[PDB]
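In case you want the letters, here they are:
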Amino acid sequence: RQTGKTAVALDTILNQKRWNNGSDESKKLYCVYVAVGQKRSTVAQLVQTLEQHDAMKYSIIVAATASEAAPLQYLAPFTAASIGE
Amino acid sequence: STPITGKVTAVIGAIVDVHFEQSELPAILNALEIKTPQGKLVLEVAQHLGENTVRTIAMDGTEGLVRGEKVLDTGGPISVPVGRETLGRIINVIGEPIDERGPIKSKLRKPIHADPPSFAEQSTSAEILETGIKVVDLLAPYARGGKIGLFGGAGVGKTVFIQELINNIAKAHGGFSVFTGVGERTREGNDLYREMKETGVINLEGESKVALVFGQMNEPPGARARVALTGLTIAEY
Amino acid sequence: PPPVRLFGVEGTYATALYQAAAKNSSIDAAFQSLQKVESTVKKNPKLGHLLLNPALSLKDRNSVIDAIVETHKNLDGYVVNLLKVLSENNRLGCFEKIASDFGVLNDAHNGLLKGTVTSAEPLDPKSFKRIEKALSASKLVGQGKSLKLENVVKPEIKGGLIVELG
Amino acid sequence: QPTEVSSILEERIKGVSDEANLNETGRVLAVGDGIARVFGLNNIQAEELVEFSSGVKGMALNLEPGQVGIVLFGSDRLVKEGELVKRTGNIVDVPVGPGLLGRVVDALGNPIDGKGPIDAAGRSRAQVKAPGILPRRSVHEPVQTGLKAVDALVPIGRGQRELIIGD
Amino acid sequence: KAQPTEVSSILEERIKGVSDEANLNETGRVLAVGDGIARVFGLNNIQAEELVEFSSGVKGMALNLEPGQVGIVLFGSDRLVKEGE
Amino acid sequence: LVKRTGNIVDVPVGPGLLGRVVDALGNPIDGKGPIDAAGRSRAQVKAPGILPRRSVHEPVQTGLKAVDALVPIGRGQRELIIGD
């Protein structure tokens, strides 16, 4: 369910600041996260935690709040991948 | 202006297949209307199945309904009244109070289904509620802004804890409580009624705050499902 | 009992029309209005073919059927009632028109291409099938002699496989 | 492919193609295996008891737009296609009353104990909205089910709805 | 013989715009909408996997095409549209 | 075109098929050519009833000891097996 999976994602995304804090385009990464199968509260919490560590600089978040129906879900991972490309 | 109405054509299971006229196809989840010899028959449209016939699984008994009886749309989703006027009443899934407590006229009877808060309307906080029970006072705080779940089978009577929590909170609540009796056993319904009225929470004549709405468990399933929708609508209001 | 059941598939309407009209004379009378209706539908590329679409409203379907019938008395007979019934029962009956024609042929005309090793497109409009068949075949061979090509007799494939497999 | 076929599915078959005088009487198009479709009864009340002309009654749980289907509450050998069906126009009515006790009646009310007829307060509709929230108080009167543990550990009170689940 | 022409022009007319000037070739008529599904008759130019504006303010995806109707999954609530729109 | 064979599915059967591997209806597949027939009966024959049936009065050998003397396999012994 979440054996740290949500937490692991939070940790990896946040630790990205360790490298993105510099200026090297060689290693600076513009990470993003897709939101398949998540209640809007979880996304709110992850956004708040990221902004708390000041991660609103170079991270993105594809939002599929569990409110959204099947279309948004089955196309959200793919559209996120397109943003990633 | 024009009262849109159709011909309720087919009744299968607990669902009434409400056909409609040109441009009279009611939307899904809209409040239909069906006047019956037993009174009002509450049917909520389902998947609009084309052929100008929108399916519907009713919120009242399927019995007695006669094919071809006209059904006129209410122009929007299923509705129950919203406001402090609801306090002290047992609002039914159809919305007709089952306590014979007379219509407590409110400002609006909003449609049951609506939009949720945006991420710009969804906030979050860390607050603890005085649940008055040392169990929840110490081992697990209750959240003033967060869900507080529970568990336990039959005989653990968590509903008793629910009523107790409602009473203790209301005893120091600046805002009015709310409940939603999703398909409770009817006798437990009446006992909850008595305990809520006599505890002072449900001031039959005063200004109560804990508006208990019960799905009553003894109907076709649609009313039971939409009851929580109604209760969420009320609390949202 | 009809000449032979058409195995349904929106052919139930046509089968019933044939049976009811066969209660009356309503044989050439039935087929004539149907032929006129089909010709009228062909005579309007749109609004008569796009009119044969599921999306047409019930009021729209009844109105389109009425307008097609409005071509004077070209919709004379029980075909009017059948068209109106289909207008809510099943929109598309051009195949039902062809099936009505098939029933008419079964009542009076009969006949279909033989085949065997011939791909000819002839007809033998006679009740009997023990005399006129040879005359029809020989005539269609000696007159016209169109594209009746099955490429070659399948026996070539038969012998080829037979030899090629011991 | 200019279009699709003539159709996809159907609901009705017979070929009168005329006015509907089957508002009280029915046509038993499909009948078998204890379930029967009926053509007719244009505006029947759902779940109305209906009588098949052969001699077997029935209740109509299915009222599909084309044909309404009615359960054939008996040995189906008597029913046949095209047999007339008469609307009894009422919900399931069984004569039941204080004189019912001491015998065995069919759940269709008919006293089948073989020990004579049954006199009862009258026939009552068998499916009605139960006593809701209002006219009831908490079960206070006990019920002593005789068995020691039954009365003691899990006492089923007077008037209650307990169940005895088991293998 | 003016009667046939008048009848045909009246039949083409009185159809709002479904067969009047549109023929549902570029726009579409929604036969039915189950939950996010939208069996649509029309849009005779929409390709597979098509984002479509269902004229109810809610977009959606046309992720399957069939014989006589296109099943365009909707990216919004079912009540947000209606049959026939 | 679909041509009606006019006969229920029947298999080329007879003692001659000995040593020959035959396809579904009996089409030889090894490549040995034709194999004679002592009758081509339908693929679904009605089995003998009670009176035309009998007990397992004649035994046989399963060959491998294979727990076979333990549990025999006699005249008409419809034995079954199983495995991964």
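Residues numbered from 1 in each chain as written, not as in the entry; some residues may be left out. Chains lettered and ligands numbered in written order. Part of a larger assembly, values for the part shown. Heavy atoms only, no water. Residues with missing side-chain atoms left out of burial classes, pairs and counts.

- cryo-EM is the method the PDB entry lists for this structure, together with a resolution of 4.2 Å.

## Let's talk about the overall build of chain F
Phase 1 of the analysis: Assigned secondary structure in chain F consists of 0 helices and 2 strands.
Phase 2 of the analysis: Taking the principal axes of its C-alpha atoms as reference, chain F extends roughly 55 × 35 × 30 Å.
Phase 3 of the analysis: Here the analysis covers contacts within chain F between residues at least 6 apart in sequence; of these, 45% occur between residues at least 24 apart. (Helix = DSSP H or I, 4+ residues; strand = E, 2+ residues; numbered from the N terminus. Contact = heavy atoms within 4.5 Å.)

## Considerations on the overall build of chain D
Phase 1 of the analysis: From N to C terminus, chain D includes 1 helix and 9 strands.
Phase 2 of the analysis: Listed by position from the N terminus, the elements making up chain D come as β-β-β-β-β-β-β-β-β-α.
Phase 3 of the analysis: Expected size for 167 residues packed as a compact globule is a radius of gyration near 15 Å; at 23 Å, chain D overshoots this value by more than 25%.
Phase 4 of the analysis: Oriented by its inertia axes, the alpha-carbon framework of chain D measures out at about 80 × 50 × 35 Å.
Phase 5 of the analysis: The contacts of chain D with a sequence gap of at least 6 include a subset with a gap of at least 24, amounting to 44%. (Rg over C-alpha atoms; globule rule 2.2 N^0.38 Å.)

## Let's talk about the interface of chain B and chain D
Phase 1 of the analysis: In this complex, chain B contributes 12 residues to the contact, which on the side of chain D involves 14 residues.
Phase 2 of the analysis: Of all the secondary structure elements, the ones that give two or more residues to the side of chain B that touches chain D are strand 1 (5-12) and helix 3 (186-198) of chain B.
Phase 3 of the analysis: A per-element tally of the side of chain B that touches chain D places strand 1 of chain B first, with 3 residues.
Phase 4 of the analysis: Looking at the side of chain B that touches chain D, its residues break down into 5 nonpolar, 5 polar and 2 charged. (Nonpolar A, V, L, I, M, F, W, Y, C, P; charged D, E, K, R; others polar.)

## A few points about the pairing of strand 4 (residues 59-65) of chain E
Residue and element names in this part refer to chain E.
Phase 1 of the analysis: Direction of pairing for strand 3 (residues 50-53) relative to strand 4: antiparallel, over a ladder of 4 bridges. If you follow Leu51 over to strand 4, its bridge partner there is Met61.
Phase 2 of the analysis: Here strand 3 folds back onto strand 4, and the loop between the two strands holds 5 residues, one of which, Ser55, carries a positive phi near 55°.
Phase 3 of the analysis: Pairing of strand 4 with strand 5 (residues 70-74), which is carried by 4 bridges, proceeds in the antiparallel orientation. The residue of strand 5 that forms the bridge with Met61 is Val73. (Pairing = 2+ DSSP bridges.)

## Looking at the interface of chain D and chain C
Phase 1 of the analysis: Contact residues are listed per partner, giving 4 residues for chain D and 5 residues for chain C.
Phase 2 of the analysis: Along the lines of polarity and charge, the residues of the side of chain D that touches chain C split into 1 nonpolar, 3 polar and no charged.

## Examining the arrangement of the chains
Phase 1 of the analysis: There are 5 pairs of chains in contact here, and the one with the most contacts is chains B and D.
Phase 2 of the analysis: Nothing in chain A touches chain B, and the closest approach of their C-alpha atoms is 7 Å.
Phase 3 of the analysis: The two units chain D and chain E never meet; even their closest C-alpha atoms stay 7 Å apart.

## Remarks on the sheet that holds strand 2 (residues 39-42) of chain E
Residues and elements named next belong to chain E.
Phase 1 of the analysis: Strand order in the open sheet made by the 5 strands is 1-2-5-4-3, with antiparallel pairing throughout. Among the strands making up the open sheet, the edge pair consists of strand 1 (28-32) and strand 3. With direction set aside, neighbouring strand axes in the sheet form an average angle of 45°.
Phase 2 of the analysis: Judged from the 2 bridges that link them, strand 2 and strand 5 form a sheet pairing that is antiparallel. If you follow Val40 over to strand 5, its bridge partner there is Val70. (Axes fitted to C-alpha atoms, helices over the stretch in contact; angles between N-to-C directions.)

## Side note on unusual backbone geometry
Phase 1 of the analysis: Positive phi outside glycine occurs at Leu29(B), with the angle close to 65°.
Phase 2 of the analysis: Within the secondary structure layout, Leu29(B) lies in the loop between strand 2 (15-19) and strand 3 (34-36).
Phase 3 of the analysis: We note that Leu41(D) has phi near 55°; this positive angle belongs to a residue other than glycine.
Phase 4 of the analysis: Within the element layout of this structure, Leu41(D) appears in the loop between strand 3 (35-40) and strand 4 (49-52).

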